[PDB]
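Below: the structure, in structure tokens.
No value in this document is a laboratory result; all are computed from the given coordinates. Heads up, the Cβs are rebuilt from the backbone with ideal geometry, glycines too, and the neighbour counts pull from every protein chain shown.
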Amino acid sequence: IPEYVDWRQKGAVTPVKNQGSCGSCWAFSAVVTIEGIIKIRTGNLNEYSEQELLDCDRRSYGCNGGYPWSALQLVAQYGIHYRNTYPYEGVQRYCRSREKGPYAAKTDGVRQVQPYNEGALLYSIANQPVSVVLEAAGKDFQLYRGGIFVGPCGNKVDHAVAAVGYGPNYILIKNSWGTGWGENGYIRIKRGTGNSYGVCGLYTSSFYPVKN
Ligand SMILES: *[C@@H](C(=O)OCC)[C@H](O)C(=O)N[C@@H](CC(C)C)C(=O)NCCC(C)C
């Protein structure tokens with residue numbers, strides 16, 4: 001695999017979003033990976049619906065948190081609507097998929113990256129954007145404004161984001177806190193520290209959609 005990957009440069013990443021006060025990061029994370037895999041497979045970059053996952057995933061807890069895996073499983077079983085058909089409201093409502101017409105895209109499955117393994121995560125990122133988790137509760141992460149981040153942070157993962165690339169000493173992450181956080185909404189997290197958890201627990205739990 002190559003030294004640099006950046007799915008933004010391949011036209012496979014949509015603009016940065018803001019989840020607001022709602023604990024919907026799990027849905028934002030899953031949607032980034034859907035937007036990426038559909039571009040890779042079909043050639044078209046579209047925005048898909050975080051709100052639909054928020055409303056419709058009965059394995060997750062709405063604005064009180066949830067699971068990237070179950071969001072991706074839902075898209076493989078049913079499908080997902082475009083974002084403008086089912087836009088983000090920042091509050092859980094009833095599932096409105098049926099009344100909003102046919103789904104816009106559908107995947108075939110979900111796979112996990114081998115956990116606690118930097119090379120396995122880089123290999124997966126080289127193929128497509130990946131949903132990853134990290135510990136975001138610390139003030140250092142909250143206040144990050146740029147540079148290659150090394151903490152301070154622990155491994156108590158609590159926030160789902162998307163890995164959209166990497167370089168020699170970092171992994172490139174799209175966050176859902178708006179463009180005013182980090183590097184236009186992104187963070188470069190240091191890699192190569194030898195800590196099997198990853199910086200801020202980044203290697204704890206990573207998933208990606210499968211589409212034939
Ligand atoms: C993430 C978010 O919107 O902001 C985090 C600061 C959500 O709170 C969230 O879904 N967190 C999630 C942890 C990862 C994403 C799996 C979570 O705690 N979900 C609850 C399920 C289980 C831990 C009981």
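List of remarks:
- Integer Hz, Karplus 6.51/-1.76/1.60 couplings in order for the range 94-99, x for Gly and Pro: 5, 5, 10, 4, 5, 5
- C-alpha long axis of helix 25-42 to longest principal axis of the chain, angle in °: 80 degrees
- Within a straight-line Cα-Cα reach of under 23 Å, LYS139 can be paired with the following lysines, leaving aside sequence neighbours fewer than 8 residues apart in one chain: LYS17, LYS156, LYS174, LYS190.
- Think of the range 34-97 as having a plus end and a minus end, set by charges on the Cβ of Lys, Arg, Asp and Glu; of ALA71, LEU54, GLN92, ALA71 sits farthest toward the positive end of this dipole.
- Comparing mean-square fluctuations of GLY151, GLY20, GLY194 from a GNM of the chain with C-alpha springs under 10 Å, the top value falls on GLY194.
- Here the chain is treated with +1 on each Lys and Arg Cβ and -1 on each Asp and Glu Cβ, and its dipole about the Cα centre works out to around 220 debye.
- Across the chain: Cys residues that no other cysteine approaches within a C-beta distance under 4.7 Å: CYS25
- Annotation: amide H of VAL210 within the under-5 Å range of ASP108, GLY109, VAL110, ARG111, sequence separation 5 or more or interchain, hydrogens built in the peptide plane.
- Loop sites by DSSP among the GluC sites (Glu not before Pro) of the chain, restricted to those with at most 11 other Cβ atoms within 10 angstrom, leave 100-212 as the longest stretch without any of them.
- Among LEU45, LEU202, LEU53, residue whose mean-square fluctuation peaks in a GNM of the chain (springs only between Cα atoms under 10 Å): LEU45
- Cα gyration tensor, the range 97-139 - rounded (a/c under 1.5), prolate or oblate: oblate
- Ranking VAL210, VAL31, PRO2 by how far each Cα lies toward the positive end of the dipole of the chain (charges on Cβ) leaves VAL210 at the top.
- Using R0 = 45 Å, the C-beta based FRET efficiency linking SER196 and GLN77 works out to 0.85.
- Length-normalised contact order for the chain - Cα pairs under 8 Å, 6+ apart - percent: 27 percent
- Whichever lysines have a C-alpha closer than 20 Å to that of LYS106, once near sequence neighbours (fewer than 8 apart) are set aside: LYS39, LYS211
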